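Observations on the three-dimensional arrangement
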Amino acid sequence: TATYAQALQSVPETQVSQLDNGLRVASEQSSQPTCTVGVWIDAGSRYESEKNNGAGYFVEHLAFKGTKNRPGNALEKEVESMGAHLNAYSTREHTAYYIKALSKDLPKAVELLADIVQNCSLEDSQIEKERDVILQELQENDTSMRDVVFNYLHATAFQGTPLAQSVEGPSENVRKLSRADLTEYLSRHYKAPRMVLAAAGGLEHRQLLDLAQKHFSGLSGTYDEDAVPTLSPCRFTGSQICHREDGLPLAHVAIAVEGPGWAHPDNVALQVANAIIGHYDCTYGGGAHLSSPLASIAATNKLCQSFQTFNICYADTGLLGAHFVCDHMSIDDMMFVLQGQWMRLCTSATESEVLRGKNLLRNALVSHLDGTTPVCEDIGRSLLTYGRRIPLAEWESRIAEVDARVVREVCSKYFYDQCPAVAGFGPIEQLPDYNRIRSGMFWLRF
Amino acid sequence: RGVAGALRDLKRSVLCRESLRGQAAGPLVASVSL
Amino acid sequence: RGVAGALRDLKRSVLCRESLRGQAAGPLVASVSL
Amino acid sequence: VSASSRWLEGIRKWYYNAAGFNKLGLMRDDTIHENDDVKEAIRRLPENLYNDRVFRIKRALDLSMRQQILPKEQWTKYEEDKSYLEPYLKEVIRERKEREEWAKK
Amino acid sequence: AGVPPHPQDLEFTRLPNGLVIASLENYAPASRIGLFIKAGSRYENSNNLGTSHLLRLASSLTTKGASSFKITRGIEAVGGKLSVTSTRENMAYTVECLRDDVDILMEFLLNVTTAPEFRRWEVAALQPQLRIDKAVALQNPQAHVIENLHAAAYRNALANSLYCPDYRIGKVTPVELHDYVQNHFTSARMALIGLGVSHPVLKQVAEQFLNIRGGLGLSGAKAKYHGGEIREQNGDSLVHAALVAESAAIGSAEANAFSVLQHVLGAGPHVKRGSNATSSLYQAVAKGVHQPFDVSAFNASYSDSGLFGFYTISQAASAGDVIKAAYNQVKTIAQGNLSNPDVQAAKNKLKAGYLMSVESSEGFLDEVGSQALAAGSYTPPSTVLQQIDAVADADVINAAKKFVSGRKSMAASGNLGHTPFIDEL
Amino acid sequence: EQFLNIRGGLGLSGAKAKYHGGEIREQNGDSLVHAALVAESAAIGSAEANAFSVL
Ligand SMILES: CCCCCC(=O)OC[C@H](COP(=O)([O-])OCCN)OC(=O)CCCCC
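1. A closer look at a nonpolar patch on the surface
All names here are of chain D. Together, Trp7, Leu8, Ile11, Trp14 and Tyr15 make up a nonpolar patch on the protein surface, roughly 660 Å² of accessible area in all. Within the secondary structure, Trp7 is located in helix α1 (residues 5-19). Classification of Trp7 as exposed rests on a relative accessible area of 64%.

Put into structure tokens, the structure is as follows:
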């Protein structure tokens, strides 16, 4: 009986509080018996310099390996024994540590996150152990062409800036990174005004804020020293990187233009345009009858094994484009059909397909915020980027504002006659020359 | 997208002992979609 | 010509009981020549 | 049902025998012009009807070479002309009309 | 204040024809409807193997009420989703969309499940997708090992693979698809589950369209455990191996004992890049093996049988040392060496993992659908935790004893030069 | 004596065949079932081998 619009109002408001040391504490209560809690830190490779690049990824390997009060196995045995799950990740702008556990285990869970973020042991015997482990992971990542081609895209698109740096760091920095480099990274970036304690599930916001005062109070905050980090802008460069390797059976291509960044209202309309182009895989059932002309033609003529659009967001910048993988004789056809859809939407987008892109986005947004861990991530990441939780009803308002005119104007603002950043890897002899790619960013008929 | 679940293009390599944990099975499930 | 011995292009069909006798094996041998 | 509908059928049988493709052993659907809809319908025919269509066209092309025809006993009788392709072609057209109606929205 | 509403209860109804409707109104922006069917690969026989795979791939072919074009464009227009999930016992047609579009996707779901035409040319064009689907699946070495593990354990009906045998690709006929739907997609073999939907409309839909009278009754073709071993010498870098014995059918109290035994031994990690201290199988192998490896307890419970054991990944030369170390670790539990704190930590991992697996609508719908076919009822989570608490330490030990003394089934793939046979364990 | 005097790089191996038993089943689309049922009998040259040849 309840309508879709009415269901957006029923979602509980995300309660936000802030301690006296700058640590923000946010929660979304539900009736669940489980929950997710974690700390989102405004740190990443974009803050690291060339000498200490990969330091954050190194700390991730040491965060769960021992603390001053829980050395070695003690942390794992506590997490495992209560059936909880402990995880972490690191992007170029955000680092996160979160726990999944029962609701009754909320106080123990927060207590462990505090001991992890603040009292990391970093034993020299352990640092040498993780030195070889990260090096093996670097060899593993080399075999994932998708991870390679997207690192190349960042490397060439943001060349000369911190964003070109990968999260893992270069193999030479992992070998010469000392314990002092890591502690310097922690005291510099793991500061209370730059962290957000997020929770989601069955829990009242009071007990979270109490636990925040109980365990995170002992953390220097609101004035460290005259050592404040600040993210400068990062130059985007139209450029091309081509790793020719004819031993690999399929080529990987990633092409993109410069996006606006996290806070720009244009991201909503861009995601609608990307949803129209959508994504494809050889295991999809639709094939020729798919709505997306690129997916239909890619399946009918077998131009690729897969493609995906993306809108990667960073502070005041981003990578907007698509990535695909295909046989060595389909790289040209695939690039042609892809660019033709950017130009078609820049110039002659229609109302019905734009409604499909809005409906795909509404379904994507609600399907993603299903579970305590997705919502806990949305809380933590949003407070760092947006400084607030944007309610679902607001996203619906911005989506409903988009129409065909918005897509034509917004797509032309970022796509039409713009220099892309191209990254290629594999059998890419047939990858078009950059000038030919650059000419595909405008139409002579328009 | 097609999915194969068991834990309860050259893909990649898994060499170290840390990346191997979670690979051992724990009943297959085959999902297909549009 | 290559040979496979065991009895001690769509090839053909063997339907009746008279043509089946001798088909059952009786140790493989693989021969190759020019 | 009435004497007048037998006269419309009477001239249709006249035009049928005047069209003369029955003299070569062909059927009406053998003579249709192959557009994209017709090519798909032929593609969907079962094996037996496809092989029968192929031999009748082959036999008629052989006769057309010699400027000959079949004996009258072997001509295609108007009453026995099987519209083997029309149900397939009607469905191909119906699908295209649906694709063309979605393209308008 | 910021508190959520009062959560509704799940409505549940059995119709006299055997059909089961269960709905929950969670007031979410999205709706989710699943039709769960006892039509998994177990109901194939040696003449129509792979028919349920091709059926799983044919959800967007033409129906009597909607062409293939309309189903694809109609669902994508509202941003919806249509999925088909298969196990060895069930097929689950799931549909997702915003709650204002439930009616449209319901109509498609019923057409796909109750009025497929299986056109001769559409089916023929779909046959090569079996090769692509199977190839994508089988690049996980786990998939083929567990295919062979079931082929080795059972004489019938669970030896059947989830994926179509190669010799059958292109041979599955439209008649076999029609016969499969008429025989298995019937009222007494079905359950209509819904989220973000009212109970009356599902019950209304169930009575209007899902009243298909049984073409084949609830089959008594019981799975017959036999045991054996299948070994696949290949060029993989690591040896995958699973050693298993018949354990227990799902829903029985003995099944809960094996589930606790699974978490006493260890099944999947809890900490990113953790040493897995509380996993007795991992620590037992790490004693005598210092190379990279992985080990996990395997638990597969079905309607009329079950398979419990463990799964190993190791270097080719360490394959026997890893397997014997793991198997000996199960023996010490069967000899009685099992504390009470060890069992309680296992119950916490089990109870916690069950609750976590039903946080999402995707995991909740799958659980309710599986309970409806397996049990004909809905058991709430607090009752599930109650059943887990009722497992005694002796029940966990007797489950280990049943594994040690039971006729084994084994599947292995890799360079098997140092991988023991069953009789060598 | 001129050419075939190659001295042993590997001696006459004692890698004895170990009978174990079991079964391999191949579900395919052949028209007829082929099946062989067998047990360990005897090494060649022994008197027991001649008995199996008569059998
Ligand atoms: C009467 C006017 C005819 C105009 C045709 C035209 O200029 O051709 C296209 C190119 C430049 O466009 P592009 O190759 O970047 O393609 C853009 C794709 N979006 O121009 C040239 O360099 C080609 C040289 C022509 C010599 C006769």
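2. Digging into the interface of chain D and chain E
In this assembly, ten residues from chain D lie in contact with nine residues from chain E. Of all residues in chain D, D:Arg44, D:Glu98 and D:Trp102 give up the largest surface area on contact with chain E, accounting jointly for 60% of the area buried on that side. The interface formed by chain D and chain E holds two salt bridges in total. A salt bridge links D:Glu95 to E:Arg119; the shortest N-O distance between them is 3.3 Å. For the interface between chain D and chain E, the tally reads four residue pairs in polar contact.

3. As for the sheet that holds strand β10 (residues 306-314) of chain E
All names here are of chain E. With mixed pairing, the five strands of this open sheet are ordered in space as β7-β11-β8-β10-β9. Strand pairing shows two members of the sheet lacking a second neighbour, β7 (228-233) and β9 (293-301), which therefore form its edges. When strand polarity is set aside, the average angle formed by the axes of neighbouring strands in this sheet is 10 degrees. Sheet topology note: the strand β8 (residues 239-246)/strand β11 (residues 408-414) ladder contains six bridges and is antiparallel. Across the sheet, residue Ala245 finds its bridge partner in β11, namely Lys408. Strand contacts of helix α5 (residues 141-153): β7, β8, β9, β10 and β11, with the helix running at about 150 degrees to β11, the strand carrying the most contacts.

4. Things to note about the site of the ligand
All names here are of chain A. In the vicinity of the ligand, the contacting residues are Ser439, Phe442 and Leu444. One of the side-chain nitrogen or oxygen atoms of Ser439 is found 2.2 Å away from an oxygen atom of the ligand. At 2.5 Å, a backbone N or O of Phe442 approaches a nitrogen atom of the ligand. Contact with the protein chains covers 22% of the free accessible surface of the ligand, which is 700 Å².

5. Quick look at the pattern of salt bridges
Scanning all chains against the criterion turns up 53 salt bridges over all chains. Of the charged contacts in the structure, one is a salt bridge between D:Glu40 and D:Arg43, with a shortest N-O distance of 3.0 Å. Separated by three residues within a single helix, D:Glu40 and D:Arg43 lie in helix α2 (residues 36-43), roughly one turn from each other. In this structure, E:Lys81 and E:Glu96 form a salt bridge, with 3.1 Å as the shortest nitrogen-oxygen distance. Of this pair, E:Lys81 sits in strand β4 (residues 81-86) while E:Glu96 is found in strand β5 (residues 91-98), placing the two residues 15 residues apart along the sequence. Beyond isolated ion pairs, a larger network of salt bridges with shared partners links D:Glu40, D:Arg43, D:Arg44, D:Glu91, D:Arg94, D:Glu95, E:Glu117 and E:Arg119.

6. Quick notes on the environment of E:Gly40
All names here are of chain E. Counting through the fold element by element, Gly40 comes out in the loop between β3 (30-37) and α1 (51-56). With relative accessibility at 1%, the residue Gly40 sits in the buried group. Here the alpha-carbon distance between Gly40 and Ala92, two residues 52 residues apart in the chain, equals 9.0 Å. Excluding residues within four positions of it along the chain, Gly40 makes contact with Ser52, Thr87, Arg88, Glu89, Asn90, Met91 and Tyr180.

7. Digging into the interface of chain A and chain E
Contacts between chain A and chain E engage 58 residues on the former and 49 residues on the latter. Summed over both sides, the interface of chain A with chain E buries roughly 4400 Å², with 54% coming from carbon and sulfur. Considering only the side of chain A, the residues that lose the most area to chain E are A:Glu80, A:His289 and A:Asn363, jointly responsible for 15% of the buried surface there. The interface formed by chain A and chain E contains four salt bridges. Counting the contacts that link chain A with chain E gives 29 residue pairs in polar contact. Those elements giving two or more residues to the side of chain A that touches chain E turn out to be α1 (4-10), β3 (34-41), α2 (55-63), α3 (73-81), β4 (85-90), β5 (95-102) and α13 (351-368) of chain A. Per-class residue counts for the side of chain A that touches chain E are 22 nonpolar, 25 polar and eleven charged.

8. A closer look at the sheet that holds strand β11 (residues 317-326) of chain A
Residue and element names in this part refer to chain A. Read from one edge to the other, the open sheet built from six strands follows the order β7-β12-β8-β11-β10-β9, with strand pairing classed as mixed. Whereas interior strands pair on both sides, the edge strands pair on one side only; in this sheet they are β7 (239-244) and β9 (279-281). Averaged over all neighbouring strand pairs, the angle between strand axes comes to 20 degrees, with direction disregarded. As judged from the three bridges shared by β9 and strand β10 (residues 306-314), these two strands associate in the antiparallel manner. Of the residues in β10, the one forming a bridge with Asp281 is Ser306. In this fold helix α10 (residues 266-277) packs onto β9, β10 and β11, with an angle of close to 175 degrees to the strand it touches most, β10.

9. Overview of the packing of helix α4 (residues 86-102) of chain D against helix α2 (residues 68-77) of chain E
Taken N-terminus to C-terminus, the directions of α4(D) and α2(E) make an angle of 20 degrees; their axes are 11 Å apart at the nearest point. Taken together, the axis directions place α4(D) and α2(E) in an arrangement best described as roughly parallel. In the crossing of α4(D) with α2(E), the sense of the turn from one axis to the other is left-handed. Along its contact with α4(D), which presents D:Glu98, D:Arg99 and D:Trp102, the element α2(E) presents E:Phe69, E:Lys70, E:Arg73, E:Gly74 and E:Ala77.

10. Considering empty space enclosed by the protein
Residues and elements named next belong to chain E. Taken as a whole, the largest cavity encloses approximately 60 Å³ of empty space. Lining the largest cavity, in full, are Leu55, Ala58, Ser59, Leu61, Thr62, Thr63, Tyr93, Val112, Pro116, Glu117 and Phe118. Looking at the lining of the largest cavity residue by residue, the classes come out as seven nonpolar, three polar and one charged.

11. A look at the pairing of β5(E)
All names here are of chain E. Most of β5 is tucked away: eight of the eight residues are buried. Here eight bridges tie β3 to β5, and the two strands are oriented antiparallel to one another. Among the inter-strand pairings, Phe36 is bridged to a residue of β5, identified as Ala92. Of the strand pairs in this sheet, β4 and β5 are connected by six bridges, and their pairing is antiparallel. Counted as the bridge partner of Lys81 is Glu96 from β5. Linking two consecutive strands that pair antiparallel, namely β4 and β5, is a turn of four residues.

Rules behind the numbers
Residues numbered from 1 in each chain as written, not as in the entry; some residues may be left out. Chains lettered and ligands numbered in written order. Part of a larger assembly, values for the part shown. Heavy atoms only, no water. Patch = residues over 30% accessible without salt bridge, like charges linked within 9 Å, V, L, I, M, F, W, Y side chains within 5 Å. Areas by Shrake-Rupley, 256 points an atom, 1.4 Å probe, with all protein chains shown as cover. Salt bridge = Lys/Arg side-chain N within 4 Å of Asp/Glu carboxyl O. Helix = DSSP H or I, 4+ residues; strand = E, 2+ residues; numbered from the N terminus. Buried < 20%, exposed > 50% of the residue type's maximum accessible area, 1.4 Å probe, protein only. Contact = heavy atoms within 4.5 Å. Buried area = accessible area lost by both parts, 1.4 Å probe. Polar contact = N/O pair within 3.5 Å; in protein donor to acceptor, adjacent residues only side chain to side chain. Pairing = 2+ DSSP bridges. Axes fitted to C-alpha atoms, helices over the stretch in contact; angles between N-to-C directions. Near = heavy atom within 4 Å. Nonpolar A, V, L, I, M, F, W, Y, C, P; charged D, E, K, R; others polar. Parallel < 35°, antiparallel > 145°, perpendicular 65-115°, else oblique. Left-handed = near helix turned anticlockwise from the far one by under 90°. 1 Å grid on protein atoms, 1.4 Å probe; cavity = no way out; pocket = protein on both sides within 12 Å on 5 of 7 lines; lining within 4 Å. Points joined across faces, edges and corners; volume = space filled by probe spheres on them.

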